[PDB]
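Chain residues, written in single-letter form:
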Amino acid sequence: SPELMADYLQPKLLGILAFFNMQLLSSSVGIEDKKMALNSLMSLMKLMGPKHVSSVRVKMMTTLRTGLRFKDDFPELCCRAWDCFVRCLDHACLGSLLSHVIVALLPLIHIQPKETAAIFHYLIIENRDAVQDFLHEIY
């Protein structure tokens, strides 16, 4: 079952993602391989769906922020993948990510002008009534 596979994935939970995060951290692992691992994370995020990642997805997002920090050649493609992972992710507390989500976004906006704008517009539409709860905080 895809759901049965998801349950096996659930047991690894954040820790399987963390092991990947350690692999991304290691100097020896290839930058392209790390991008592939990030793609693997994006596929996993879609497989969990928004509900499955839950609190763990926010921990994964912190891991994602570390992945965002080392981007180089990998990043313009990677940022699009990260947004796709976010789209697979339930918006959940999009307001809770708030500025911190924006701060990752602001570096991203510099790396590619088009990608950041597309992510922001999608985020603004997704937040809806929830959107702008932290907007005053993100002056």
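Per the PDB entry, the chain is named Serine/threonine-protein kinase ATR, and its organism is Homo sapiens. In the PDB, the entry goes by the title "ATR-ATRIP bound with ATPgammaS".

Peer 1: In this structure, what is going on with the overall build of the chain? I would like to understand it.
Peer 2: Of the regular secondary structure elements, the chain holds 5 helices and 0 strands. Listed N to C, the secondary structure of the chain is α-α-α-α-α in terms of helices and strands. Taking 14 Å as the expected radius of gyration for a compact globule of 139 residues, we find that the chain reaches 15 Å, a close match to that expectation. When the backbone C-alpha atoms are referred to their principal axes, the chain occupies close to 40 × 35 × 20 Å.

Peer 1: Looking at this structure, I do not really get unusual backbone geometry. What am I missing?
Peer 2: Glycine aside, residues mostly have negative phi, and peptide bonds are mostly found in the trans state. With a phi close to 55°, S54 is a non-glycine residue in the positive phi region. Looking at the element boundaries, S54 is found in helix 2 (residues 31-69). Residues other than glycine seldom take positive phi values, yet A92 does so here, at roughly 55°. Structurally, the position occupied by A92 is in the loop between helix 3 (75-88) and helix 4 (94-111).

Peer 1: I'm lost on the packing of helix 2 against helix 3 in this one. Help?
Peer 2: Two packed helices can be described by the angle between their axes and the distance between those axes. At a minimum axis distance of 8 Å, the contact between helix 2 and helix 3 shows a crossing angle of 15°. The angle between helix 2 and helix 3 places the two elements in the roughly parallel class. The chirality of how helix 2 crosses helix 3 is left-handed. Taken together, the residues of helix 3 that come into contact with helix 2 (itself represented by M42, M45, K46, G49 and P50) are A81, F85 and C88. A breakdown of the residues in the contact of helix 2 with helix 3 according to their chemical character gives 6 nonpolar, 1 polar and 1 charged.

Peer 1: Help me understand helix 1 (residues 2-25), please; the structure alone is not making it clear to me.
Peer 2: Because an α-helix completes one turn every 3.6 residues, residues spaced three or four positions apart along the sequence face the same direction. With 24 residues, helix 1 should reach 34 Å at 1.5 Å per residue; the first-to-last C-alpha distance of 30 Å falls well below that figure. Residue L13 marks the point of greatest curvature in helix 1, where the axis turns by about 70°.

What counts and how
Residues numbered from 1 in each chain as written, not as in the entry; some residues may be left out. Part of a larger assembly, values for the part shown. Heavy atoms only, no water. Residues with missing side-chain atoms left out of burial classes, pairs and counts. Helix = DSSP H or I, 4+ residues; strand = E, 2+ residues; numbered from the N terminus. Rg over C-alpha atoms; globule rule 2.2 N^0.38 Å. Axes fitted to C-alpha atoms, helices over the stretch in contact; angles between N-to-C directions. Parallel < 35°, antiparallel > 145°, perpendicular 65-115°, else oblique. Left-handed = near helix turned anticlockwise from the far one by under 90°. Contact = heavy atoms within 4.5 Å. Nonpolar A, V, L, I, M, F, W, Y, C, P; charged D, E, K, R; others polar. Expected span 1.5 Å × (residues − 1). Bend = angle between axes of the 7 residues up to and from the residue.

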